[PDB]
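What follows is a single structure, written as structure tokens, with notes after it.
There are 4 protein chains.
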Amino acid sequence: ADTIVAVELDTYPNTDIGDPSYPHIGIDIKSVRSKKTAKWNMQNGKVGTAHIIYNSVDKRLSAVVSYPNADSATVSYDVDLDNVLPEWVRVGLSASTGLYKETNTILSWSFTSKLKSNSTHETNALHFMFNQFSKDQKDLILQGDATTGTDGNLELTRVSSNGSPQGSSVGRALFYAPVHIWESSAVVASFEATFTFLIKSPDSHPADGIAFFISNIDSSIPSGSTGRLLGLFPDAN
Amino acid sequence: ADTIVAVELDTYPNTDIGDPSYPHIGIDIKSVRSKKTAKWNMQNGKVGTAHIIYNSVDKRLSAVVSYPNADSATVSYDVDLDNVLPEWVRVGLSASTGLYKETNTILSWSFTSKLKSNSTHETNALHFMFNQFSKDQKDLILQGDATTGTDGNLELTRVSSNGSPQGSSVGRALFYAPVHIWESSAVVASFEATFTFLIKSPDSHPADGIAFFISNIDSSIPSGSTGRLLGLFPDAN
Amino acid sequence: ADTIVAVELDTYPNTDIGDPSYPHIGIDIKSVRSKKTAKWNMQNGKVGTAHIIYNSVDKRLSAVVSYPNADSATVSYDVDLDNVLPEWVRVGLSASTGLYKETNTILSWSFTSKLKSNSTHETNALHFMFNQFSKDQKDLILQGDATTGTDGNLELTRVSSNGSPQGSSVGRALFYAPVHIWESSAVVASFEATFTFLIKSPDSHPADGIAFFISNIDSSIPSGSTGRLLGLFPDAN
Amino acid sequence: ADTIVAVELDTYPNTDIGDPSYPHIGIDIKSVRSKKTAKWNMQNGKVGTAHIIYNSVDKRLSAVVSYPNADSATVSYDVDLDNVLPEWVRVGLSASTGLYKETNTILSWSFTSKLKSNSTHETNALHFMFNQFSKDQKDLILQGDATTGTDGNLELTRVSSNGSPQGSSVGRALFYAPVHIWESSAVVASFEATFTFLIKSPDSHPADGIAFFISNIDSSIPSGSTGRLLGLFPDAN
Ligand SMILES: [Ca+2]
Ligand SMILES: [Ca+2]
Ligand SMILES: [Ca+2]
Ligand SMILES: [Ca+2]
Ligand SMILES: [Cl-]
Ligand SMILES: [Cl-]
Ligand SMILES: [Cl-]
Ligand SMILES: [Cl-]
Ligand SMILES: [Cl-]
Ligand SMILES: [Cl-]
Ligand SMILES: [Cl-]
Ligand SMILES: [Cl-]
Ligand SMILES: [Mn+2]
Ligand SMILES: [Mn+2]
Ligand SMILES: [Mn+2]
Ligand SMILES: [Mn+2]
Ligand code: NA
Ligand code: NA
Ligand code: NA
Ligand code: NA
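Protein chains in written order, with the authors' numbering: chain C, 1 to 237; chain Z, 1 to 237; chain E, 1 to 237; chain P, 1 to 237.
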């Protein structure tokens, strides 16, 4: 199986797998059963922004999600990712629907990783920023139902031509290049990601959510990972 | 009195004010008596690099110092700087000598502060990077004995024309513009600084050290802050 | 008198000072009579974005202005700014109204200047980015009628509480720190600026425009520089 | 055949293919016979730095090369790269030796490409920075004789364990991800690259040089491109 570290924006409460009884943001370390969660007052049909941060000195994976005119939600978990993830990874976004559904539209996505060594010329960095997505976005690996280019956006899950989200959908987008997240000479290592999203559902109960994730380089959508599994995990263990 | 948050590279052990019995790096919150320290294997005459990091989600002020071919030293302290510092600050470097002495030469200095709001256009930022210093560096406020331009460097404390550091010296350099470190709409705030330095002494016992500091905007060198007080504090309380 | 280099977004045609008979963008080198102009299909009440670019290798000052869903306008002028501007400058935004009027609202403003030397550690940089403006924006020098904080924006010229722009207004905002634009060791020097703006008028004929400008450090609004002079020049010479 | 745009640091004068009678820097558009050249006072065994710049408004490909304590060399050529290169490219470094030889050592390499659209959220960017190279640098495609990790450097051409450069060698390194260099909505597009290099030869006549290049995504070393062809071209046409 793949190795997954993720921040979930979980829109549907599956209480038998540890979700609280409301939409929430969570830190997922190798399991869909979040290590830490916080209540998320998700707004159907509104554009929100998520920020994810981590550094090797503090060893705390943190996330903040907000909408204009609203308070933020935040969640943090103390974890040494050097002990979870391999030295080289890919980074991505994932989303799913199940018997309940929503659009999982990404309007923008940025990422920066840095490794500062003890040499006088210390800094290695990777940065990418998408504020629009082309019909042929060659620097993204699209998996499952994910598509790019419709209204300049990344649609992680299936949407019909009239905007209607489809159930039982899963899709991911990964940046094309492998990312160096640990190095033997690095004295400070850090990563951050930001994405803006539009989750809209014609229903009172949207599902299932969007995640930012970091994985082994050859990661692929696990079998049967629609719905509550967010395209990230093969089961709910 | 001024309000000071600082990371000290303390080259001389003053044990009656809480210094350990060796050169060390420390986190100073409104006092020269560091809240946290770590042993620092300072290398007389070698160019080193210091990194300082903080963000408002984790509320941990951390620093790493290293030399090429050597292990790093690191120190961290949990502190909500929103409860210490004002909303607007200046940032700077400070150094001192006393009856023992050293050069306090800065070869480069960079700083980045960011405030990300809950608006869709979220980011405010300030960044500066000096890899050399002019004889007339108009975007730096020089205090005390600090000078710029000699060999393209910033000399925080007095050095003679032949390279000899002078005792009983104190000097600081602050970036000209005020820096916005907290804002009511910010959902993520962060700062980082890096500087490279050359501390050299003709003596077996160098003193007193270099600090990166954040202060009220009108901060000035306190009276009698040579030596163990690092140009930062009026006393050892 | 001050020394001014500016890119003008000129909303009102003053044909006796060389304006074409339509709104236009122009490169102004020490005179309001632009050295080069291009037609600008200004859209009353819509948010637009302007980009300004220059580097010391190509010695060409260029600007691009656009609105969503519209083609851009662009203008360029070959000029060695080393022969116009001093070594240290301030950078700013300026706007005016006269007997005709408009809002001159700035929603965001960013700037980056770089000096790369022939040393192995080559880069000096200054960068600032405002995507919102506080009621007390301490890193901006506000001149004339300019204010910050209303709806998080920078209003360069006077607007009443109900949104009504006032005539005979002039105002500027300059970044607090001096900016190093030329240095003897620099092998590549460059600057860029971007700003987003909302020019709205209740009238069919808005006036007078907005400019991004670079000036001597002590620059101030010239006397009688309302209207066609854009807050930049004391006369139309 | 591949499509190549390159900046050459040409260490050996091949006068029958248009080289001047000295080491030189050149702009190569689809041919090793540079469209523009400038004299380059190459220093055997010294670390130098090259900068390459281009933007879609000015349509001028420019390069600057320097060593510490020395004047720079610069070359520029007016060319609309939209008419040369495809929309998506890869970027890389190339070097060669022939019957004359040199080390072609890369100590650092950075690249930034930006596409700014007419949307209010305008910016797309890719940036990478290597100040060291790992024995397994997964985000680089190494071609021919190129290797990474020896002393933390990228060796484009073959070097023995004792530092001796080998003749008849060719090697390239390309960034793993495709790069978007033109887009239909982009109102400003730009790229820049910097690399630091050490060319050393035990001989009075080093050869053949190093190039920064942009190519079709599937570019590969052409047959027989050792020596004067710099790993870039299949012939001298
Ligand atoms: Ca769930
Ligand atoms: Ca001490
Ligand atoms: Ca006019
Ligand atoms: Ca040649
Ligand atoms: Cl939210
Ligand atoms: Cl529900
Ligand atoms: Cl150290
Ligand atoms: Cl001692
Ligand atoms: Cl426009
Ligand atoms: Cl008119
Ligand atoms: Cl050179
Ligand atoms: Cl020769
Ligand atoms: Mn959950
Ligand atoms: Mn101490
Ligand atoms: Mn005009
Ligand atoms: Mn040549
Ligand atoms: Na939403
Ligand atoms: Na030292
Ligand atoms: Na407008
Ligand atoms: Na060389």
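Beta carbons: idealized from backbone N, C-alpha and C, even for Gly.
Next on the checklist: For Z/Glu8, list the residues DSSP reports as bridge partners.
Outcome noted: Paired residue(s): Z/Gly26, Z/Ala211.
Item to check | 8 angstroms contact criterion, which C/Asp58 and Z/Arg60 should meet: CB distance rounded | outcome: About 5 angstroms separates the CB atoms of C/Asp58 and Z/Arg60; that is less than 8 angstroms, so the two are in contact.
Checklist entry - Can the beta-carbon of C/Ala173 be found closer than 9 angstroms to that of C/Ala6? => result Not closer than 9 angstroms, so no.
Checklist entry - Taking the alpha-carbon positions, what's the C/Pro68 to P/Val79 distance? => result The straight-line gap from Cα to Cα measures roughly 44 angstroms.
Next on the checklist: Closer than 8 angstroms between beta carbons: that is the criterion. Which residues of the region 20 to 40 of chain E meet it against chain P?
Outcome noted: Cβ contacts with chain P come from no residue of the region 20 to 40 of chain E.
Checklist entry - From E/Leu229 to E/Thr97, what distance separates their C-alpha atoms? => result Taking the straight line joining both Cα atoms gives about 9 angstroms.
Checklist entry - Whole beta strand (DSSP E) runs in the region 44 to 120 of chain E with 3 or more residues, listed along the chain? => result Listed in chain order, the complete beta strand (DSSP E) runs (minimum 3 residues) inside the region 44 to 120 of chain E are 47 to 55, 60 to 66, 73 to 78, 88 to 96, 105 to 117.
Checklist entry - Nearest chain C C-beta to P/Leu99 closer than 9 angstroms, yes or no? => result So, not an interface residue.
Checklist entry - Would you say the beta carbon of Z/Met129 comes nearer than 8 angstroms to a heavy atom of ligand 18? => result No.
Next on the checklist: Judging by CA-CA distance, which residue of C/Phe111, C/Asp82, C/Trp40 is the nearest neighbour of residue 239 of chain C?
Outcome noted: Because chain C is modelled from 1 through 237, residue 239 of chain C falls outside the range shown and cannot be assessed.
Next on the checklist: Quick check on the burial criterion: 16 or more other C-beta atoms within 10 angstroms. Buried or exposed for C/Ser66?
Outcome noted: Burial call: buried.
Checklist entry - How about Z/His24: is its Cβ closer than 8 angstroms to a heavy atom in ligand 8? => result Every heavy atom of ligand 8 is 8 angstroms or more from the Cβ of Z/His24, so no.
Checklist entry - Closest Cβ-Cβ distance between C/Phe130 and chain P: below 9 angstroms? => result Yes, C/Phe130 lies at the interface with chain P (some Cβ there is under 9 angstroms from its Cβ).
Checklist entry - Taking the continuous beta strand (DSSP E) assigned at P/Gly171, which residues delimit it? => result P/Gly171: member of the beta strand (DSSP E) spanning 170 to 175, first to last residue.
Next on the checklist: Which residue wins for smallest C-alpha separation from C/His121, given the options P/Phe130, P/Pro178, P/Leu126, P/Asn118?
Outcome noted: For C/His121, the nearest C-alpha among the options comes from P/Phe130.
Item to check | Start and end residues, beta strand (DSSP E) containing Z/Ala186 | outcome: For Z/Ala186, the uninterrupted beta strand (DSSP E) segment begins and ends at 186 to 198.
Checklist entry - Mind checking whether E/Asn118 and E/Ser185 have CB atoms under 9 angstroms apart? => result For E/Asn118 and E/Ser185, yes; Cβs fall inside 9 angstroms.
Checklist entry - Who pairs with P/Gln137 in a beta bridge, going by DSSP? => result Note: P/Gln137 sits in no beta bridge, so no partner.
Next on the checklist: Would you say P/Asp58 lies against chain E (beta-carbon separation less than 9 angstroms)?
Outcome noted: Closer than 9 angstroms to some Cβ of chain E, the Cβ of P/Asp58 qualifies, so yes.
Next on the checklist: Can you tell me which residues form a DSSP beta bridge with Z/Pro165?
Outcome noted: Answer is Z/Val159, bridged to Z/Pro165.
Checklist entry - Which word fits Z/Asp28, buried or exposed, when buried means at least 16 other C-beta atoms lie within 10 angstroms of its C-beta? => result Classification for Z/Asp28: buried.
Item to check | Simplified DSSP assignment, three categories, for C/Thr226 | outcome: The answer is coil: DSSP assigns C/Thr226 none of H, G, I, E or B.
Checklist entry - Of the choices Z/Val159, Z/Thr150, Z/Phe111, Z/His180, whose alpha-carbon is the least far from that of E/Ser134? => result The shortest C-alpha to C-alpha distance from E/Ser134 to any of Z/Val159, Z/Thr150, Z/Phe111, Z/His180 is the one to Z/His180.
Checklist entry - For C/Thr74, which of C/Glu183, C/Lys114, C/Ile25, C/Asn83 has the nearest alpha-carbon? => result Taking each of C/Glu183, C/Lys114, C/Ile25, C/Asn83 in turn and checking the Cα distance to C/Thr74, the smallest one comes out for C/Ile25.
Next on the checklist: Is the separation between the beta-carbon of E/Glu8 and that of E/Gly209 shorter than 9 angstroms?
Outcome noted: Yes, the Cβ-Cβ distance between E/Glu8 and E/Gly209 is below 9 angstroms.
Next on the checklist: ligand 18 and Z/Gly163: does the residue's C-beta get closer than 8 angstroms to at least one heavy atom of that ligand?
Outcome noted: Checking every heavy atom of ligand 18 against the Cβ of Z/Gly163, none is found closer than 8 angstroms.
Item to check | Residues in the region 69 to 90 of chain P having any Cβ partner in chain E nearer than 9 angstroms | outcome: Correct list: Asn69, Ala70, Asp71, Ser72, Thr74, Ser76.
Checklist entry - Closer than 9 angstroms, CB to CB, is Z/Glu122 near chain C or not? => result Taking Cβ atoms only, chain C reaches closer than 9 angstroms to Z/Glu122, which makes this a yes.
Item to check | Top-ranked residue by Cα proximity to Z/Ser225, from Z/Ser164, Z/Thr157, Z/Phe175 | outcome: Among Z/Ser164, Z/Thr157, Z/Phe175, the Cα nearest to that of Z/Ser225 is on Z/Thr157.
Checklist entry - Just how far apart, CA to CA, sit C/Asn124 and P/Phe128? => result In this structure, the CA atom of C/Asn124 is about 8 angstroms from the CA atom of P/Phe128.
Checklist entry - To the nearest angstrom, how far is it from the Cα of Z/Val170 to the Cα of Z/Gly231? => result Their backbone Cα atoms lie some 6 angstroms apart in a straight line.
Checklist entry - Using the rule of at least 16 other Cβ atoms within 10 Å of the residue's Cβ for burial, across every protein chain shown, is Z/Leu99 buried or exposed? => result The residue is exposed, with fewer than 16 neighbouring Cβ atoms inside 10 Å.
Item to check | Member of C/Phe213, C/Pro222, C/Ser204, C/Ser215 whose CA lies at the smallest distance from the CA of C/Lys101 | outcome: With distances taken between Cα atoms, C/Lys101 lies closest to C/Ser204.
Item to check | Closer than 9 angstroms to chain E by CB, Z/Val179 | outcome: True, the Cβ-Cβ gap to chain E drops below 9 angstroms.
Checklist entry - Is the Cβ of C/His127 closer than 9 angstroms to any Cβ of chain Z? => result Taking Cβ atoms only, chain Z never reaches closer than 9 angstroms to C/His127, which makes this a no.
Item to check | Any non-hydrogen atom of ligand 14 closer than 8 angstroms to Z/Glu8 Cβ | outcome: Within the cutoff, so yes.
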